[PDB]
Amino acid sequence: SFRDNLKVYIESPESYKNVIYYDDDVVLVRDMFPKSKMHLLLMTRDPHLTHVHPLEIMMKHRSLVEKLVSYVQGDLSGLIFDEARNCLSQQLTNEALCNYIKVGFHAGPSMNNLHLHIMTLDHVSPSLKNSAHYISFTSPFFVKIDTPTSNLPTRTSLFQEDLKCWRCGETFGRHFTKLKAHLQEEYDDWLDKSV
């Protein structure tokens, strides 16, 4: 079903032009429907963990979490910063970008194969088309990779709540196209300040 669509990337990464990196253990691929200017997925190729729910991963598979984090902060940081530069602006330094990138799992992923999101904060993107998209990346539904186990969520109902800017906290109620306009403004503001 549609929930298995990511399977191809960990079985045959060598043939996908949207794949940025692969080895025996992981695959780093551009999201087909990016929810920010830059939006990547890092997927484990391990057949025994790819179907483990990301909350169970966080609770019980610390070694994988730490391996994922090591790729992002280490060997793949170059690729990731360069990709962000390709997607946002060519003259952004790594330092400028390091605090404009978030890394995390969805608490209730629609796809079966374990995928870690690596994306810029802006949420400026044509593929961001409804409130549920936004809330899923800016609420506790987005389980940041460094979340203490004692703080992991579970129960959602966040998707009926009011929209708030992730950067300044302005509320927009359920007015998603107002939020969209504001996210573009926040991004122009951040970009102008950062170059």
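Start at 1 and count along the sequence shown; that's the residue number.
Student: Going by the PDB record, how many residues of the deposited sequence fall between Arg155 and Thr156 without any coordinates: none, 1 to 3, 4 to 9, or 10 or more?
Tutor: Per the record, 1 to 3 deposited residues are absent between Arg155 and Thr156.
Student: So 160-168 or 30-38, which one's hotter by mean CA B-factor in the entry?
Tutor: If you average the C-alpha B-factors of 160-168 and of 30-38, the larger mean comes out for 160-168.
Student: Read off the CA B-factors in the entry, average them over 178-186 and over 11-19, and name the higher stretch.
Tutor: According to the entry, 11-19 carries the higher average C-alpha B-factor.
Student: Checking the record values for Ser150, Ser131, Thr138, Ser127, which has the greatest CA B factor?
Tutor: Answer for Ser150, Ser131, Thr138, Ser127: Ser150, with the highest C-alpha B-factor.
Student: Which third, lowest, middle or highest, does the C-alpha temperature factor of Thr93 belong to within its own chain?
Tutor: Answer is middle: the recorded C-alpha B-factor places it there.
Student: For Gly74, does the deposited CA B-factor place it in the lowest, middle or highest third of the chain?
Tutor: Its C-alpha B-factor, which the entry lists for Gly74, ranks in the highest third among residues of this chain.
Student: Based on the deposited C-alpha B factors for this chain, I'd like to know if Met43 is in the lowest, middle or highest third.
Tutor: As the PDB entry reports it, the C-alpha B-factor of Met43 lands in the lowest third of its chain.
Student: Which third of the chain does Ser110 land in by C-alpha B-factor: lowest, middle or highest?
Tutor: For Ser110, whose C-alpha B-factor we compare with every modelled residue in the chain, the answer is the middle third.
Student: Based on the entry's values, in what third of the chain does the Cα temperature factor of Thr120 lie: lowest, middle or highest?
Tutor: As the PDB entry reports it, the C-alpha B-factor of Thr120 lands in the lowest third of its chain.
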